[PDB]
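One structure is given here, and the rest of the page talks about it.
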Amino acid sequence: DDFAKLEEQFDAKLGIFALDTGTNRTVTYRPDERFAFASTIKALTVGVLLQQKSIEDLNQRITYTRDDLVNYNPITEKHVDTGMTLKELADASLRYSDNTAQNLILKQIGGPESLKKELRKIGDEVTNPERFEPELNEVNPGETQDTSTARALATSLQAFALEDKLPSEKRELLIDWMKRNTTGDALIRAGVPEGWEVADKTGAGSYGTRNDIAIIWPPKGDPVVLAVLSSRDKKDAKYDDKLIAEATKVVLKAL
Amino acid sequence: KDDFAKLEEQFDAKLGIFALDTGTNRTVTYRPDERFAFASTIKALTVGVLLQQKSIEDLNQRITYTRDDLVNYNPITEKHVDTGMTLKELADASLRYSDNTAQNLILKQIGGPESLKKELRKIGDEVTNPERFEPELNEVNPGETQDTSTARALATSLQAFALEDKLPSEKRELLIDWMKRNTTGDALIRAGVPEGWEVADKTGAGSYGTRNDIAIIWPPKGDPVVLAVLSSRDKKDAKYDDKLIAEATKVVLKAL
């Protein structure tokens, strides 16, 4: 009811799944309820890219045009003249939530259909990617296109970052990028004790959707996998980052 | 689950269950953190620590023991007193036949109960409390934590050794292979799993009608399910019934 109380206080629906990999203790709340995944899908996209590309393959330069630019391209629109390596695009996508970077990377792996096939392969039968950015934001209550659950997103993130879906060196690249995320200071990072390391990917969308998925490392112990999702009832509703920070505090306490 | 509560009532036993579908992170729990005497299940965790300290080659090392070293149940070790046995042979005997002397010999090889506990603490297991050798570890009374653990801790520790990076792939398949070929659990978890499902388990039984089984199960299509099913009764000399674990397993499967 600590989570229910937060739902009332922020007038939002909460989706939570946390797993302490050291003890298999979990914290759940509407863990299997669908939410549009928004930008969090960028983390899983790079995971699949790392699966199919050698580290040298990431130095390959990708060329695009102004015509390839979409709604939010903080880094990509600054290099349209020179193109960018896949390594640079993965960096932009994960640390700045660059939409064009996500689109170029998605094309590299075969598009949404291939992304979905690869996730189904690793055991994710829930995440349903269907579109590129920013069209994936066009989700209405009741539909499953471009949605997932807290359990599914957390489990797929764990698969790529902590399990054997990727070899050591590649897991480390993914974790390093996410640890250096620039957009999540007010979310999960704001709800963990000082000294805890966080690797996360945030997201936001229509219906006041505000998400954050992460791997958290206590100073002493095994990592904790956490997915905190949320949405509101109005398409144009505004979100409040504090809901995520507060929900995280409850999770840490519970753990 | 009401289904678990009914089994507890029917068999006059207490159940400790923890199941985790590693592919979906879905779990099935029932008194997951209640302590039970681990009995023979500790043999699987002991071998895990052994593989962690010795190289595959070191496992070839011969071990010499006498009749002095034989205890209350030595189906295998009783046939090699003079020849001796290699660590690999002892591990095999301990895991597949629940050989008690083998367990003790291996326990000594890794440093004794204190060392086993220390290593388990090192991998994240803060509840499993090994203190004695076989068969003394069976001397446990309600309220005491000596030689007890929980379904959650036992399942998690098994997963760490068999499915996680606690052991190199090479040693992990050695452990899984022995357990897959266990000869003592046909009427337990194995009896409650659907046809086509592969099982790697280690059974156990003890005082107060304690009857346990910890396993890694592989469905035809899918990632493994780690499962720990523990049980006990209120009377020290209480008799256990394997059907309880088989039935409890069927519920876990339906749930998953």
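Ligands are numbered from 1 in the order shown, residues from 1 within each chain, and chains are lettered A, B, ... in the order they appear in the structure tokens.
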Kindly determine which residues of chain A lie within 12 Å of chain B, considering only C-alpha atoms, and give the answer as a short mmCIF file (atom, residue, chain, number, x, y, z; two decimals) with N, CA and C atoms, in the first residue's frame.
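Dumped everything to selection26.cif:
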data_model
loop_
_atom_site.label_atom_id
_atom_site.label_comp_id
_atom_site.auth_asym_id
_atom_site.auth_seq_id
_atom_site.Cartn_x
_atom_site.Cartn_y
_atom_site.Cartn_z
N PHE A 17 8.96 -3.83 -10.74
CA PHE A 17 9.56 -5.15 -10.58
C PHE A 17 11.02 -4.94 -10.22
N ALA A 18 11.40 -5.50 -9.08
CA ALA A 18 12.77 -5.39 -8.59
C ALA A 18 13.17 -6.78 -8.15
N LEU A 19 14.40 -7.15 -8.49
CA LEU A 19 14.92 -8.46 -8.12
C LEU A 19 16.33 -8.31 -7.59
N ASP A 20 16.55 -8.82 -6.38
CA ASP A 20 17.88 -8.80 -5.78
C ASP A 20 18.51 -10.10 -6.28
N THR A 21 19.47 -9.99 -7.19
CA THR A 21 20.09 -11.17 -7.78
C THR A 21 20.92 -11.97 -6.78
N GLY A 22 21.22 -11.37 -5.64
CA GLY A 22 21.98 -12.08 -4.64
C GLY A 22 21.12 -12.98 -3.77
N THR A 23 19.85 -12.63 -3.61
CA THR A 23 18.96 -13.41 -2.76
C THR A 23 17.68 -13.90 -3.43
N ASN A 24 17.43 -13.42 -4.64
CA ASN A 24 16.22 -13.77 -5.36
C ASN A 24 15.00 -13.23 -4.64
N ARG A 25 15.19 -12.14 -3.91
CA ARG A 25 14.07 -11.51 -3.23
C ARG A 25 13.56 -10.48 -4.24
N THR A 26 12.24 -10.41 -4.39
CA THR A 26 11.64 -9.48 -5.34
C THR A 26 10.69 -8.49 -4.68
N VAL A 27 10.45 -7.39 -5.38
CA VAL A 27 9.50 -6.39 -4.94
C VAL A 27 8.68 -6.17 -6.20
N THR A 28 7.37 -6.40 -6.11
CA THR A 28 6.51 -6.24 -7.26
C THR A 28 5.27 -5.41 -6.97
N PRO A 31 3.37 -5.73 -11.66
CA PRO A 31 4.54 -6.14 -12.45
C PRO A 31 4.23 -6.62 -13.86
N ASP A 32 3.01 -7.09 -14.07
CA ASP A 32 2.63 -7.60 -15.37
C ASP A 32 1.63 -6.72 -16.12
N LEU A 119 14.16 -10.66 -29.11
CA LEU A 119 13.71 -10.63 -27.73
C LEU A 119 12.97 -11.91 -27.40
N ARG A 120 12.18 -12.40 -28.36
CA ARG A 120 11.44 -13.63 -28.18
C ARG A 120 12.45 -14.76 -27.98
N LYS A 121 13.59 -14.64 -28.66
CA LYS A 121 14.64 -15.63 -28.58
C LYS A 121 15.22 -15.71 -27.18
N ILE A 122 15.42 -14.56 -26.54
CA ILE A 122 15.99 -14.57 -25.19
C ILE A 122 14.96 -14.81 -24.08
N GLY A 123 13.74 -15.18 -24.47
CA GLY A 123 12.72 -15.47 -23.48
C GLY A 123 11.69 -14.38 -23.23
N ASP A 124 11.84 -13.23 -23.88
CA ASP A 124 10.89 -12.14 -23.70
C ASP A 124 9.72 -12.33 -24.67
N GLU A 125 8.59 -12.75 -24.12
CA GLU A 125 7.39 -13.00 -24.89
C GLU A 125 6.40 -11.86 -24.72
N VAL A 126 6.82 -10.81 -24.02
CA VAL A 126 5.95 -9.67 -23.74
C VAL A 126 6.22 -8.38 -24.52
N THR A 127 7.46 -7.90 -24.49
CA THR A 127 7.81 -6.67 -25.18
C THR A 127 7.39 -6.75 -26.64
N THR A 149 6.01 -4.81 -19.88
CA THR A 149 5.65 -4.79 -18.46
C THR A 149 6.93 -4.57 -17.67
N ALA A 150 6.79 -4.27 -16.38
CA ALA A 150 7.95 -4.05 -15.54
C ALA A 150 8.77 -5.34 -15.45
N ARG A 151 8.10 -6.47 -15.31
CA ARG A 151 8.80 -7.75 -15.21
C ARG A 151 9.58 -8.05 -16.50
N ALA A 152 8.93 -7.91 -17.65
CA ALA A 152 9.57 -8.18 -18.94
C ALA A 152 10.76 -7.28 -19.23
N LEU A 153 10.61 -5.98 -19.05
CA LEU A 153 11.71 -5.05 -19.30
C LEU A 153 12.89 -5.29 -18.36
N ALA A 154 12.60 -5.52 -17.08
CA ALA A 154 13.65 -5.76 -16.11
C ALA A 154 14.39 -7.06 -16.44
N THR A 155 13.64 -8.09 -16.81
CA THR A 155 14.21 -9.39 -17.12
C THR A 155 15.07 -9.37 -18.40
N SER A 156 14.63 -8.63 -19.41
CA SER A 156 15.39 -8.52 -20.65
C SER A 156 16.65 -7.68 -20.43
N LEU A 157 16.56 -6.65 -19.59
CA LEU A 157 17.73 -5.83 -19.30
C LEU A 157 18.75 -6.71 -18.56
N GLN A 158 18.26 -7.53 -17.64
CA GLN A 158 19.12 -8.42 -16.87
C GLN A 158 19.82 -9.41 -17.82
N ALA A 159 19.06 -9.94 -18.76
CA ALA A 159 19.57 -10.90 -19.74
C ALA A 159 20.80 -10.36 -20.47
N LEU A 162 23.63 -8.72 -17.31
CA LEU A 162 24.15 -9.56 -16.24
C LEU A 162 24.27 -11.04 -16.57
N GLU A 163 23.51 -11.49 -17.56
CA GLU A 163 23.55 -12.89 -17.93
C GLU A 163 24.53 -13.16 -19.06
N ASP A 164 24.40 -14.34 -19.66
CA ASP A 164 25.29 -14.79 -20.72
C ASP A 164 24.80 -14.54 -22.14
N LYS A 165 23.83 -13.65 -22.31
CA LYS A 165 23.31 -13.34 -23.64
C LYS A 165 24.37 -12.61 -24.45
N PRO A 167 28.80 -11.63 -24.37
CA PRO A 167 30.06 -11.98 -23.72
C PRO A 167 30.53 -10.80 -22.86
N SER A 168 31.33 -11.11 -21.85
CA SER A 168 31.88 -10.14 -20.91
C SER A 168 32.15 -8.74 -21.45
N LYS A 220 27.97 -2.94 -1.11
CA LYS A 220 28.30 -4.29 -0.69
C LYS A 220 27.23 -5.27 -1.15
N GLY A 221 27.52 -6.04 -2.19
CA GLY A 221 26.54 -7.00 -2.64
C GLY A 221 26.30 -7.18 -4.13
N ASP A 222 25.39 -8.10 -4.43
CA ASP A 222 25.01 -8.43 -5.80
C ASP A 222 24.08 -7.36 -6.36
N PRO A 223 24.10 -7.18 -7.68
CA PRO A 223 23.24 -6.17 -8.28
C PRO A 223 21.75 -6.41 -8.11
N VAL A 225 18.13 -5.62 -10.07
CA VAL A 225 17.54 -5.26 -11.35
C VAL A 225 16.22 -4.59 -11.02
#
message: Let's see if you can do this: from backbone DSSP, list all alpha helix (DSSP H) residues in region 53-116 of chain B, as a ChimeraX atom specification.
response: /B:53,87-97,100-109,113-116
How would the residues just picked look written out with N, CA and C atoms as a CSV table (one decimal), in the first residue's frame?
chain,number,residue,atom,x,y,z
B,53,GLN,N,37.0,-24.9,-5.8
B,53,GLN,CA,38.3,-24.9,-5.3
B,53,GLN,C,39.3,-25.7,-6.1
B,87,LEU,N,38.3,-37.8,-6.1
B,87,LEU,CA,37.3,-36.7,-5.7
B,87,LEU,C,36.1,-36.8,-6.7
B,88,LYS,N,36.4,-37.1,-7.9
B,88,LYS,CA,35.3,-37.1,-8.9
B,88,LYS,C,34.4,-38.3,-8.6
B,89,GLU,N,34.9,-39.4,-8.1
B,89,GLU,CA,34.2,-40.6,-7.8
B,89,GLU,C,33.3,-40.3,-6.5
B,90,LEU,N,33.9,-39.6,-5.6
B,90,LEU,CA,33.3,-39.3,-4.3
B,90,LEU,C,32.1,-38.4,-4.6
B,91,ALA,N,32.3,-37.3,-5.4
B,91,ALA,CA,31.3,-36.4,-5.8
B,91,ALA,C,30.1,-37.1,-6.4
B,92,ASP,N,30.4,-38.1,-7.3
B,92,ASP,CA,29.4,-38.9,-7.9
B,92,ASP,C,28.6,-39.7,-6.9
B,93,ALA,N,29.3,-40.3,-6.0
B,93,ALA,CA,28.7,-41.1,-5.0
B,93,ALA,C,27.8,-40.3,-4.1
B,94,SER,N,28.3,-39.1,-3.7
B,94,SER,CA,27.5,-38.2,-2.8
B,94,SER,C,26.3,-37.7,-3.5
B,95,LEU,N,26.4,-37.2,-4.7
B,95,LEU,CA,25.3,-36.7,-5.4
B,95,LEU,C,24.2,-37.7,-5.9
B,96,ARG,N,24.7,-38.8,-6.5
B,96,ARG,CA,23.8,-39.8,-7.1
B,96,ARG,C,23.3,-40.9,-6.1
B,97,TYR,N,24.0,-41.1,-5.0
B,97,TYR,CA,23.6,-42.1,-4.1
B,97,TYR,C,23.4,-41.6,-2.7
B,100,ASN,N,27.0,-41.0,2.5
B,100,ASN,CA,27.4,-40.1,3.6
B,100,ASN,C,28.9,-40.0,3.8
B,101,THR,N,29.7,-41.1,3.6
B,101,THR,CA,31.1,-41.0,3.8
B,101,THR,C,31.7,-40.1,2.7
B,102,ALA,N,31.2,-40.2,1.5
B,102,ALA,CA,31.7,-39.4,0.4
B,102,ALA,C,31.5,-37.9,0.8
B,103,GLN,N,30.3,-37.5,1.3
B,103,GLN,CA,30.1,-36.1,1.7
B,103,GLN,C,31.1,-35.7,2.7
B,104,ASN,N,31.3,-36.5,3.7
B,104,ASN,CA,32.3,-36.1,4.8
B,104,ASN,C,33.7,-36.0,4.2
B,105,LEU,N,34.1,-36.9,3.4
B,105,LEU,CA,35.4,-36.8,2.8
B,105,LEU,C,35.6,-35.5,2.0
B,106,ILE,N,34.5,-35.2,1.2
B,106,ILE,CA,34.6,-34.0,0.4
B,106,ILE,C,34.6,-32.7,1.3
B,107,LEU,N,33.8,-32.8,2.3
B,107,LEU,CA,33.7,-31.7,3.3
B,107,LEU,C,35.0,-31.4,3.9
B,108,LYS,N,35.8,-32.4,4.2
B,108,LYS,CA,37.1,-32.3,4.8
B,108,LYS,C,38.1,-31.7,3.7
B,109,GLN,N,37.9,-32.1,2.5
B,109,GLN,CA,38.7,-31.6,1.4
B,109,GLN,C,38.6,-30.1,1.2
B,113,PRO,N,32.8,-27.8,7.7
B,113,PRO,CA,31.5,-27.0,7.7
B,113,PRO,C,31.8,-25.5,7.7
B,114,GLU,N,32.7,-25.0,8.6
B,114,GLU,CA,33.0,-23.6,8.7
B,114,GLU,C,33.4,-23.0,7.3
B,115,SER,N,34.3,-23.7,6.6
B,115,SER,CA,34.7,-23.3,5.3
B,115,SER,C,33.6,-23.3,4.3
B,116,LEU,N,32.7,-24.3,4.4
B,116,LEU,CA,31.6,-24.4,3.5
B,116,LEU,C,30.7,-23.2,3.7
- request: Please provide the set of residues having any atom within 12 Å of region 55-64 of chain A, restricted to only C-alpha atoms, with same-chain residues fewer than 2 positions apart removed, written as a ChimeraX atom specification.
  value: /A:46,49-53,66-70,76-91,100-101,103-105,107-108,167-174
task: Write out as JSON, numbers by chain the residues lying within 12 Å of residue 147 (chain B), counting only C-alpha atoms and excluding same-chain residues fewer than 4 positions away.
output: {"B": [35, 36, 37, 38, 39, 40, 41, 42, 113, 114, 116, 117, 127, 128, 129, 130, 131, 132, 133, 134, 135, 136, 137, 138, 139, 140, 141, 142, 143, 154, 206]}
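Put simply, CA of residue 219 (chain A) is 23.1 Å away from CA of residue 159 (chain B).
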Per-residue nearest contacts of region 33-146 of chain A to region 193-215 of chain A (7 Å; only C-alpha atoms) as a Markdown table:
| residue | atom | partner | partner_atom | distance |
| --- | --- | --- | --- | --- |
| A:38 | CA | A:203 | CA | 5.2 |
| A:39 | CA | A:203 | CA | 4.3 |
| A:40 | CA | A:203 | CA | 5.3 |
| A:43 | CA | A:201 | CA | 6.5 |
| A:94 | CA | A:201 | CA | 6.6 |
| A:137 | CA | A:205 | CA | 5.8 |
